[PDB]
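Colleague: Data: model25.cif, mmCIF, N, CA, C and O atoms and all ligand atoms.
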```cif
data_data
#
loop_
_atom_site.group_PDB
_atom_site.id
_atom_site.type_symbol
_atom_site.label_atom_id
_atom_site.label_comp_id
_atom_site.auth_asym_id
_atom_site.auth_seq_id
_atom_site.Cartn_x
_atom_site.Cartn_y
_atom_site.Cartn_z
ATOM 1 N N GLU A 1 59.731 46.565 -4.291
ATOM 2 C CA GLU A 1 58.851 45.650 -3.486
ATOM 3 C C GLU A 1 59.689 44.855 -2.485
ATOM 4 O O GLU A 1 60.720 44.344 -2.904
ATOM 5 N N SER A 2 59.207 44.655 -1.253
ATOM 6 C CA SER A 2 60.098 44.086 -0.197
ATOM 7 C C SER A 2 60.642 42.709 -0.575
ATOM 8 O O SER A 2 59.837 41.799 -0.832
ATOM 9 N N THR A 3 61.958 42.561 -0.543
ATOM 10 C CA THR A 3 62.630 41.302 -0.904
ATOM 11 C C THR A 3 62.694 40.392 0.304
ATOM 12 O O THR A 3 63.053 39.216 0.123
ATOM 13 N N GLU A 4 62.395 40.911 1.493
ATOM 14 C CA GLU A 4 62.362 40.081 2.727
ATOM 15 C C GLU A 4 61.046 39.308 2.692
ATOM 16 O O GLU A 4 60.063 39.775 3.278
ATOM 17 N N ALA A 5 61.037 38.186 1.986
ATOM 18 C CA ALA A 5 59.817 37.405 1.744
ATOM 19 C C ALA A 5 60.241 35.957 1.625
ATOM 20 O O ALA A 5 61.411 35.709 1.381
ATOM 21 N N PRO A 6 59.325 35.021 1.825
ATOM 22 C CA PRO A 6 59.725 33.610 1.827
ATOM 23 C C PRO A 6 59.878 33.014 0.434
ATOM 24 O O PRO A 6 59.270 33.452 -0.547
ATOM 25 N N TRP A 7 60.713 31.983 0.377
ATOM 26 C CA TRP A 7 61.114 31.296 -0.843
ATOM 27 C C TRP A 7 60.809 29.813 -0.674
ATOM 28 O O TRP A 7 60.543 29.341 0.439
ATOM 29 N N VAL A 8 60.798 29.090 -1.794
ATOM 30 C CA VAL A 8 60.617 27.640 -1.803
ATOM 31 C C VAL A 8 61.700 27.019 -2.662
ATOM 32 O O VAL A 8 62.204 27.646 -3.592
ATOM 33 N N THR A 9 62.032 25.767 -2.361
ATOM 34 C CA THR A 9 62.845 24.923 -3.221
ATOM 35 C C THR A 9 61.929 23.939 -3.927
ATOM 36 O O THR A 9 61.088 23.296 -3.292
ATOM 37 N N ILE A 10 62.120 23.815 -5.229
ATOM 38 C CA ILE A 10 61.304 22.979 -6.091
ATOM 39 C C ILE A 10 62.231 21.931 -6.674
ATOM 40 O O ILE A 10 63.300 22.284 -7.160
ATOM 41 N N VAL A 11 61.818 20.660 -6.645
ATOM 42 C CA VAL A 11 62.502 19.574 -7.348
ATOM 43 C C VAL A 11 61.697 19.242 -8.595
ATOM 44 O O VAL A 11 60.462 19.149 -8.552
ATOM 45 N N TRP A 12 62.413 19.122 -9.709
ATOM 46 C CA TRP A 12 61.803 18.855 -11.027
ATOM 47 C C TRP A 12 62.023 17.410 -11.412
ATOM 48 O O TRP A 12 63.075 16.851 -11.140
ATOM 49 N N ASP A 13 61.039 16.851 -12.100
ATOM 50 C CA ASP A 13 61.123 15.443 -12.532
ATOM 51 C C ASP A 13 62.249 15.265 -13.554
ATOM 52 O O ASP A 13 62.365 16.081 -14.469
ATOM 53 N N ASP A 14 63.027 14.204 -13.380
ATOM 54 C CA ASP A 14 64.151 13.900 -14.290
ATOM 55 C C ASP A 14 64.001 12.446 -14.727
ATOM 56 O O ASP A 14 63.455 11.649 -13.964
ATOM 57 N N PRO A 15 64.497 12.093 -15.924
ATOM 58 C CA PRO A 15 64.299 10.753 -16.449
ATOM 59 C C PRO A 15 65.291 9.710 -15.991
ATOM 60 O O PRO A 15 65.089 8.543 -16.334
ATOM 61 N N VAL A 16 66.305 10.102 -15.241
ATOM 62 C CA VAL A 16 67.384 9.145 -14.857
ATOM 63 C C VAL A 16 67.237 8.648 -13.412
ATOM 64 O O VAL A 16 67.370 7.435 -13.201
ATOM 65 N N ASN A 17 67.028 9.545 -12.451
ATOM 66 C CA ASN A 17 67.041 9.149 -11.016
ATOM 67 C C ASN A 17 65.948 8.129 -10.701
ATOM 68 O O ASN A 17 64.832 8.273 -11.190
ATOM 69 N N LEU A 18 66.289 7.147 -9.869
ATOM 70 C CA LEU A 18 65.314 6.133 -9.427
ATOM 71 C C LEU A 18 64.330 6.786 -8.461
ATOM 72 O O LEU A 18 64.740 7.648 -7.702
ATOM 73 N N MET A 19 63.078 6.369 -8.503
ATOM 74 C CA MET A 19 62.081 6.871 -7.540
ATOM 75 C C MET A 19 62.555 6.525 -6.111
ATOM 76 O O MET A 19 62.377 7.361 -5.225
ATOM 77 N N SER A 20 63.137 5.341 -5.896
ATOM 78 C CA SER A 20 63.618 4.984 -4.568
ATOM 79 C C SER A 20 64.764 5.884 -4.133
ATOM 80 O O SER A 20 64.863 6.232 -2.952
ATOM 81 N N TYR A 21 65.597 6.301 -5.079
ATOM 82 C CA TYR A 21 66.686 7.205 -4.749
ATOM 83 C C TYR A 21 66.154 8.556 -4.288
ATOM 84 O O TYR A 21 66.626 9.114 -3.288
ATOM 85 N N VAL A 22 65.163 9.091 -5.005
ATOM 86 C CA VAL A 22 64.612 10.406 -4.667
ATOM 87 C C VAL A 22 64.009 10.413 -3.261
ATOM 88 O O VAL A 22 64.266 11.333 -2.473
ATOM 89 N N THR A 23 63.239 9.369 -2.918
ATOM 90 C CA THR A 23 62.686 9.238 -1.568
ATOM 91 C C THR A 23 63.788 9.255 -0.524
ATOM 92 O O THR A 23 63.713 10.000 0.459
ATOM 93 N N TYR A 24 64.848 8.472 -0.761
ATOM 94 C CA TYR A 24 65.974 8.430 0.162
ATOM 95 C C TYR A 24 66.639 9.792 0.306
ATOM 96 O O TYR A 24 66.951 10.214 1.422
ATOM 97 N N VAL A 25 66.884 10.481 -0.810
ATOM 98 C CA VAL A 25 67.528 11.794 -0.762
ATOM 99 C C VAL A 25 66.725 12.773 0.082
ATOM 100 O O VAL A 25 67.294 13.513 0.877
ATOM 101 N N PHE A 26 65.394 12.773 -0.048
ATOM 102 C CA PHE A 26 64.611 13.710 0.755
ATOM 103 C C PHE A 26 64.692 13.375 2.245
ATOM 104 O O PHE A 26 64.712 14.279 3.095
ATOM 105 N N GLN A 27 64.754 12.085 2.584
ATOM 106 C CA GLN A 27 64.928 11.693 3.980
ATOM 107 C C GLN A 27 66.299 12.103 4.488
ATOM 108 O O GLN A 27 66.428 12.637 5.596
ATOM 109 N N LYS A 28 67.339 11.863 3.686
ATOM 110 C CA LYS A 28 68.706 12.093 4.140
ATOM 111 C C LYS A 28 69.004 13.578 4.260
ATOM 112 O O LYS A 28 69.643 14.014 5.231
ATOM 113 N N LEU A 29 68.542 14.371 3.302
ATOM 114 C CA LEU A 29 68.914 15.780 3.265
ATOM 115 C C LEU A 29 68.067 16.629 4.183
ATOM 116 O O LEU A 29 68.579 17.608 4.723
ATOM 117 N N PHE A 30 66.804 16.263 4.397
ATOM 118 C CA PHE A 30 65.854 17.085 5.148
ATOM 119 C C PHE A 30 65.322 16.428 6.407
ATOM 120 O O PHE A 30 64.592 17.086 7.169
ATOM 121 N N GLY A 31 65.672 15.176 6.671
ATOM 122 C CA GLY A 31 65.159 14.495 7.839
ATOM 123 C C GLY A 31 63.703 14.112 7.757
ATOM 124 O O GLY A 31 63.099 13.796 8.791
ATOM 125 N N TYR A 32 63.107 14.152 6.568
ATOM 126 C CA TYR A 32 61.697 13.832 6.425
ATOM 127 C C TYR A 32 61.459 12.356 6.676
ATOM 128 O O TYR A 32 62.324 11.509 6.445
ATOM 129 N N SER A 33 60.287 12.061 7.213
ATOM 130 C CA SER A 33 59.844 10.697 7.370
ATOM 131 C C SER A 33 59.656 10.047 6.003
ATOM 132 O O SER A 33 59.614 10.715 4.962
ATOM 133 N N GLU A 34 59.574 8.715 6.010
ATOM 134 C CA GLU A 34 59.313 8.016 4.756
ATOM 135 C C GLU A 34 57.984 8.400 4.125
ATOM 136 O O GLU A 34 57.966 8.576 2.896
ATOM 137 N N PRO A 35 56.845 8.444 4.845
ATOM 138 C CA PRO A 35 55.588 8.831 4.171
ATOM 139 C C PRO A 35 55.654 10.214 3.555
ATOM 140 O O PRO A 35 55.187 10.420 2.428
ATOM 141 N N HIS A 36 56.327 11.136 4.230
ATOM 142 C CA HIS A 36 56.493 12.493 3.713
ATOM 143 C C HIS A 36 57.368 12.509 2.462
ATOM 144 O O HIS A 36 56.986 13.068 1.423
ATOM 145 N N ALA A 37 58.554 11.905 2.547
ATOM 146 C CA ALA A 37 59.469 11.866 1.415
ATOM 147 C C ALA A 37 58.864 11.154 0.212
ATOM 148 O O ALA A 37 59.041 11.607 -0.921
ATOM 149 N N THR A 38 58.149 10.045 0.438
ATOM 150 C CA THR A 38 57.519 9.323 -0.661
ATOM 151 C C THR A 38 56.429 10.153 -1.319
ATOM 152 O O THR A 38 56.303 10.156 -2.548
ATOM 153 N N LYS A 39 55.636 10.866 -0.522
ATOM 154 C CA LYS A 39 54.610 11.730 -1.084
ATOM 155 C C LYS A 39 55.214 12.814 -1.967
ATOM 156 O O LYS A 39 54.707 13.090 -3.065
ATOM 157 N N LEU A 40 56.302 13.426 -1.511
ATOM 158 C CA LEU A 40 56.976 14.447 -2.305
ATOM 159 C C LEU A 40 57.551 13.859 -3.581
ATOM 160 O O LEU A 40 57.442 14.461 -4.654
ATOM 161 N N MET A 41 58.213 12.711 -3.467
ATOM 162 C CA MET A 41 58.764 12.052 -4.642
ATOM 163 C C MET A 41 57.666 11.779 -5.666
ATOM 164 O O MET A 41 57.874 11.977 -6.868
ATOM 165 N N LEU A 42 56.534 11.233 -5.218
ATOM 166 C CA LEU A 42 55.465 10.908 -6.153
ATOM 167 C C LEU A 42 54.873 12.164 -6.769
ATOM 168 O O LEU A 42 54.454 12.141 -7.933
ATOM 169 N N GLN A 43 54.848 13.261 -6.011
ATOM 170 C CA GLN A 43 54.359 14.517 -6.562
ATOM 171 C C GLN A 43 55.277 15.002 -7.683
ATOM 172 O O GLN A 43 54.796 15.450 -8.724
ATOM 173 N N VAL A 44 56.599 14.929 -7.478
ATOM 174 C CA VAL A 44 57.550 15.253 -8.550
ATOM 175 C C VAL A 44 57.273 14.392 -9.769
ATOM 176 O O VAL A 44 57.176 14.888 -10.901
ATOM 177 N N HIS A 45 57.115 13.084 -9.539
ATOM 178 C CA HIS A 45 56.963 12.124 -10.633
ATOM 179 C C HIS A 45 55.628 12.279 -11.365
ATOM 180 O O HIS A 45 55.587 12.162 -12.596
ATOM 181 N N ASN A 46 54.542 12.613 -10.652
ATOM 182 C CA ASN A 46 53.201 12.669 -11.246
ATOM 183 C C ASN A 46 52.754 14.049 -11.703
ATOM 184 O O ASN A 46 51.929 14.139 -12.610
ATOM 185 N N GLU A 47 53.283 15.120 -11.121
ATOM 186 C CA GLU A 47 52.975 16.485 -11.517
ATOM 187 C C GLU A 47 54.101 17.191 -12.249
ATOM 188 O O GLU A 47 53.870 18.281 -12.775
ATOM 189 N N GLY A 48 55.312 16.637 -12.239
ATOM 190 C CA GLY A 48 56.475 17.205 -12.945
ATOM 191 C C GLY A 48 57.365 18.011 -12.016
ATOM 192 O O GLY A 48 58.463 18.292 -12.409
ATOM 193 N N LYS A 49 56.853 18.428 -10.866
ATOM 194 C CA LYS A 49 57.637 19.192 -9.918
ATOM 195 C C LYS A 49 56.941 19.119 -8.573
ATOM 196 O O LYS A 49 55.747 18.827 -8.494
ATOM 197 N N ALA A 50 57.670 19.506 -7.530
ATOM 198 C CA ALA A 50 57.056 19.680 -6.225
ATOM 199 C C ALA A 50 57.898 20.617 -5.381
ATOM 200 O O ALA A 50 59.122 20.571 -5.431
ATOM 201 N N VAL A 51 57.218 21.445 -4.584
ATOM 202 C CA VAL A 51 57.893 22.159 -3.507
ATOM 203 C C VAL A 51 58.295 21.159 -2.439
ATOM 204 O O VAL A 51 57.443 20.443 -1.893
ATOM 205 N N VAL A 52 59.579 21.157 -2.091
ATOM 206 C CA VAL A 52 60.121 20.229 -1.108
ATOM 207 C C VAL A 52 60.532 20.907 0.188
ATOM 208 O O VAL A 52 60.731 20.208 1.189
ATOM 209 N N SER A 53 60.696 22.218 0.200
ATOM 210 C CA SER A 53 61.071 22.935 1.401
ATOM 211 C C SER A 53 60.750 24.400 1.186
ATOM 212 O O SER A 53 60.550 24.857 0.056
ATOM 213 N N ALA A 54 60.760 25.141 2.289
ATOM 214 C CA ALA A 54 60.388 26.544 2.282
ATOM 215 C C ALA A 54 61.151 27.285 3.375
ATOM 216 O O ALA A 54 61.439 26.723 4.433
ATOM 217 N N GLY A 55 61.443 28.559 3.131
ATOM 218 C CA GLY A 55 62.135 29.384 4.113
ATOM 219 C C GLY A 55 62.691 30.634 3.456
ATOM 220 O O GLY A 55 62.242 31.043 2.390
ATOM 221 N N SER A 56 63.680 31.233 4.121
ATOM 222 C CA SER A 56 64.337 32.399 3.554
ATOM 223 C C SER A 56 65.086 32.020 2.286
ATOM 224 O O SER A 56 65.419 30.855 2.071
ATOM 225 N N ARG A 57 65.354 33.036 1.454
ATOM 226 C CA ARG A 57 66.125 32.842 0.224
ATOM 227 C C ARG A 57 67.462 32.187 0.519
ATOM 228 O O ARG A 57 67.849 31.227 -0.156
ATOM 229 N N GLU A 58 68.176 32.673 1.542
ATOM 230 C CA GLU A 58 69.487 32.092 1.838
ATOM 231 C C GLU A 58 69.379 30.639 2.281
ATOM 232 O O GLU A 58 70.238 29.820 1.934
ATOM 233 N N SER A 59 68.324 30.278 3.013
ATOM 234 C CA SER A 59 68.177 28.882 3.415
ATOM 235 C C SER A 59 67.809 27.999 2.226
ATOM 236 O O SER A 59 68.240 26.843 2.150
ATOM 237 N N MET A 60 67.034 28.524 1.275
ATOM 238 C CA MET A 60 66.698 27.746 0.087
ATOM 239 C C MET A 60 67.896 27.569 -0.827
ATOM 240 O O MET A 60 68.012 26.528 -1.474
ATOM 241 N N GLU A 61 68.808 28.525 -0.837
ATOM 242 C CA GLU A 61 70.053 28.394 -1.625
ATOM 243 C C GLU A 61 70.841 27.171 -1.130
ATOM 244 O O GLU A 61 71.364 26.475 -1.955
ATOM 245 N N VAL A 62 70.865 26.929 0.175
ATOM 246 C CA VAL A 62 71.530 25.742 0.710
ATOM 247 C C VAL A 62 70.818 24.472 0.266
ATOM 248 O O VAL A 62 71.474 23.506 -0.135
ATOM 249 N N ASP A 63 69.479 24.442 0.325
ATOM 250 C CA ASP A 63 68.748 23.242 -0.072
ATOM 251 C C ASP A 63 68.957 22.920 -1.548
ATOM 252 O O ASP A 63 69.128 21.751 -1.909
ATOM 253 N N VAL A 64 68.960 23.940 -2.407
ATOM 254 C CA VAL A 64 69.269 23.727 -3.820
ATOM 255 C C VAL A 64 70.661 23.130 -3.985
ATOM 256 O O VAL A 64 70.846 22.175 -4.740
ATOM 257 N N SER A 65 71.663 23.690 -3.299
ATOM 258 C CA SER A 65 73.023 23.182 -3.431
ATOM 259 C C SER A 65 73.113 21.736 -2.957
ATOM 260 O O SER A 65 73.785 20.900 -3.583
ATOM 261 N N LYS A 66 72.434 21.422 -1.852
ATOM 262 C CA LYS A 66 72.449 20.060 -1.327
ATOM 263 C C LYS A 66 71.812 19.101 -2.318
ATOM 264 O O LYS A 66 72.336 18.003 -2.551
ATOM 265 N N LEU A 67 70.690 19.505 -2.915
ATOM 266 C CA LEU A 67 69.987 18.639 -3.861
ATOM 267 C C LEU A 67 70.782 18.456 -5.145
ATOM 268 O O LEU A 67 70.872 17.333 -5.667
ATOM 269 N N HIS A 68 71.440 19.519 -5.624
ATOM 270 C CA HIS A 68 72.289 19.370 -6.801
ATOM 271 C C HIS A 68 73.432 18.399 -6.565
ATOM 272 O O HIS A 68 73.766 17.597 -7.446
ATOM 273 N N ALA A 69 74.031 18.433 -5.374
ATOM 274 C CA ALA A 69 75.108 17.504 -5.085
ATOM 275 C C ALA A 69 74.630 16.053 -5.069
ATOM 276 O O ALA A 69 75.399 15.148 -5.426
ATOM 277 N N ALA A 70 73.366 15.825 -4.695
ATOM 278 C CA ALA A 70 72.749 14.510 -4.746
ATOM 279 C C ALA A 70 72.298 14.127 -6.147
ATOM 280 O O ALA A 70 71.826 13.003 -6.347
ATOM 281 N N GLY A 71 72.393 15.028 -7.120
ATOM 282 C CA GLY A 71 72.045 14.720 -8.492
ATOM 283 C C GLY A 71 70.621 15.051 -8.886
ATOM 284 O O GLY A 71 70.200 14.643 -9.984
ATOM 285 N N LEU A 72 69.883 15.786 -8.059
ATOM 286 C CA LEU A 72 68.491 16.116 -8.318
ATOM 287 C C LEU A 72 68.388 17.500 -8.932
ATOM 288 O O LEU A 72 69.216 18.377 -8.685
ATOM 289 N N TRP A 73 67.350 17.690 -9.738
ATOM 290 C CA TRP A 73 67.147 18.952 -10.441
ATOM 291 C C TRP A 73 66.336 19.861 -9.548
ATOM 292 O O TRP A 73 65.112 19.735 -9.492
ATOM 293 N N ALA A 74 67.008 20.778 -8.851
ATOM 294 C CA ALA A 74 66.371 21.681 -7.905
ATOM 295 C C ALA A 74 66.552 23.130 -8.315
ATOM 296 O O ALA A 74 67.604 23.517 -8.821
ATOM 297 N N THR A 75 65.511 23.927 -8.105
ATOM 298 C CA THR A 75 65.597 25.368 -8.250
ATOM 299 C C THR A 75 64.910 25.988 -7.050
ATOM 300 O O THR A 75 64.288 25.298 -6.231
ATOM 301 N N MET A 76 65.043 27.303 -6.937
ATOM 302 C CA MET A 76 64.330 28.059 -5.925
ATOM 303 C C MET A 76 63.656 29.266 -6.541
ATOM 304 O O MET A 76 64.120 29.815 -7.541
ATOM 305 N N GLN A 77 62.560 29.676 -5.901
ATOM 306 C CA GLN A 77 61.856 30.879 -6.303
ATOM 307 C C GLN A 77 61.128 31.477 -5.112
ATOM 308 O O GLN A 77 60.916 30.823 -4.088
ATOM 309 N N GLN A 78 60.785 32.747 -5.262
ATOM 310 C CA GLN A 78 60.003 33.418 -4.250
ATOM 311 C C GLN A 78 58.609 32.817 -4.205
ATOM 312 O O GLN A 78 58.034 32.468 -5.241
ATOM 313 N N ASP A 79 58.080 32.685 -2.992
ATOM 314 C CA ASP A 79 56.749 32.158 -2.747
ATOM 315 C C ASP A 79 55.791 33.323 -2.588
ATOM 316 O O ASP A 79 55.993 34.179 -1.724
ATOM 317 N N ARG A 80 54.744 33.335 -3.394
ATOM 318 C CA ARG A 80 53.851 34.493 -3.496
ATOM 319 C C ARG A 80 52.527 34.335 -2.753
ATOM 320 O O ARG A 80 52.135 33.228 -2.378
HETATM 321 MG MG MG B 101 58.309 9.389 -12.754
HETATM 322 MG MG MG B 102 65.360 15.604 -10.127
HETATM 323 MG MG MG B 103 53.333 29.155 -2.966
#
```
Could I get this file's structure written as structure tokens?
Modeller:
Amino acid sequence: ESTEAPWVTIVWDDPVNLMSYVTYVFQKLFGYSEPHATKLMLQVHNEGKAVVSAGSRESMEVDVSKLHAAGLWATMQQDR
């Protein structure tokens, strides 16, 4: 099945990181506005996870690495 397909980066809720820290990380790493970053942060906190970015597999590998360096629990998967 064709592997040339889009992927997403997902951030998972963690019990240590501050909600204010998560909002800041999404702004700093992705350039998102505050309303956007806060909405994503709250989605992680209230649903347990959220898609935070989307693109090619190789581009999502970078976003995962960036988020891990910031201390956030990030994974990637194919978007169906
Ligand atoms: Mg929470
Ligand atoms: Mg996290
Ligand atoms: Mg999807």
Colleague: Go through A:59, A:67, A:52, A:14 one by one, measure the shortest atom-to-atom distance of each to residue 40 of chain A using all atoms listed in the file, and give the residue with the smallest value.
Modeller: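 Among the listed residues, A:52 lies closest to residue 40 of chain A.
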Colleague: Which residue is closest to residue 77 of chain A? Choose from A:37, A:25, A:60, A:16 and count all atoms listed in the file.
Modeller: A:60
Colleague: Enumerate residues in contact with ligand MG 103 (chain B): an atom-to-atom distance of at most 8 Å, counting only N, CA, C and O atoms and all ligand atoms. Format the result as a ChimeraX atom specification.
Modeller: /A:6-8,77-80
Colleague: Give me a file of those residues, with N, CA, C and O atoms, as a PDB file, keeping the file's coordinate frame.
Modeller:
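Final output, result-v3.pdb:
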```pdb
ATOM      1  N   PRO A   6      59.325  35.021   1.825  1.00  0.00           N
ATOM      2  CA  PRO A   6      59.725  33.610   1.827  1.00  0.00           C
ATOM      3  C   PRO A   6      59.878  33.014   0.434  1.00  0.00           C
ATOM      4  O   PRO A   6      59.270  33.452  -0.547  1.00  0.00           O
ATOM      5  N   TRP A   7      60.713  31.983   0.377  1.00  0.00           N
ATOM      6  CA  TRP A   7      61.114  31.296  -0.843  1.00  0.00           C
ATOM      7  C   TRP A   7      60.809  29.813  -0.674  1.00  0.00           C
ATOM      8  O   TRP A   7      60.543  29.341   0.439  1.00  0.00           O
ATOM      9  N   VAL A   8      60.798  29.090  -1.794  1.00  0.00           N
ATOM     10  CA  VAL A   8      60.617  27.640  -1.803  1.00  0.00           C
ATOM     11  C   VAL A   8      61.700  27.019  -2.662  1.00  0.00           C
ATOM     12  O   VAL A   8      62.204  27.646  -3.592  1.00  0.00           O
ATOM     13  N   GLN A  77      62.560  29.676  -5.901  1.00  0.00           N
ATOM     14  CA  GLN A  77      61.856  30.879  -6.303  1.00  0.00           C
ATOM     15  C   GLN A  77      61.128  31.477  -5.112  1.00  0.00           C
ATOM     16  O   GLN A  77      60.916  30.823  -4.088  1.00  0.00           O
ATOM     17  N   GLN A  78      60.785  32.747  -5.262  1.00  0.00           N
ATOM     18  CA  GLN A  78      60.003  33.418  -4.250  1.00  0.00           C
ATOM     19  C   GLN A  78      58.609  32.817  -4.205  1.00  0.00           C
ATOM     20  O   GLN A  78      58.034  32.468  -5.241  1.00  0.00           O
ATOM     21  N   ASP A  79      58.080  32.685  -2.992  1.00  0.00           N
ATOM     22  CA  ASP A  79      56.749  32.158  -2.747  1.00  0.00           C
ATOM     23  C   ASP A  79      55.791  33.323  -2.588  1.00  0.00           C
ATOM     24  O   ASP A  79      55.993  34.179  -1.724  1.00  0.00           O
ATOM     25  N   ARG A  80      54.744  33.335  -3.394  1.00  0.00           N
ATOM     26  CA  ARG A  80      53.851  34.493  -3.496  1.00  0.00           C
ATOM     27  C   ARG A  80      52.527  34.335  -2.753  1.00  0.00           C
ATOM     28  O   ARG A  80      52.135  33.228  -2.378  1.00  0.00           O
TER      29      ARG A  80
END
```
Colleague: I'd like the box whose edges run along x, y and z of the file and which contains every listed atom of segment 66-74 of chain A, padded by 4 Å per side; could you state its centre and edge lengths in Å, one decimal, as JSON?
Modeller:
```
{"center_x": 70.3, "center_y": 18.3, "center_z": -5.9, "size_x": 18.3, "size_y": 18.5, "size_z": 17.1}
```
Colleague: In Å, rounded to a single decimal, give me how far atom C of residue 19 of chain A is from atom N of residue 33 of chain A.
Modeller: 14.6 Å
